[PDB]
């Protein structure tokens, strides 16, 4: 659970906090996926962390003009987009995030 499943640089923006909409502010983030949370740093203490238990993950093609976007909405209501210009690495992230989120459903 504390172990790192994936880490890498992605572009990210918050879009809601506790169910309230936020102005986007896209920027690069060093992103760390553990066995139960996604952790954001300015570079390789976290700026922020979210628990992924019960998170809703989807494609975010409808939520941005950017290419290769994922949308995550957490149980407390925080919502984020992740994006990369590199479609294969974005797909790798999508699969890793799916794996961790689904794992929290059964364990």
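Residue numbers count along the first chain shown, from 1.
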Exercise for the section: Could you bin the unmodelled part of the deposited chain lying between residue 76 and residue 77 as none, 1 to 3, 4 to 9, or 10 or more? Expected result: none
Exercise for the section: State which stretch shows the higher mean Cα B factor in the entry: 97 to 105 or 2 to 10. Expected result: 2 to 10
Fill in the blank from the handout: Higher of the two mean Cα B-factors (48 to 56, 76 to 84; per PDB record) comes from 48 to 56
Practice task
Quick one: which of 66, 42, 62, 71 shows the highest Cα temperature factor in the PDB entry?
Solution key: 42
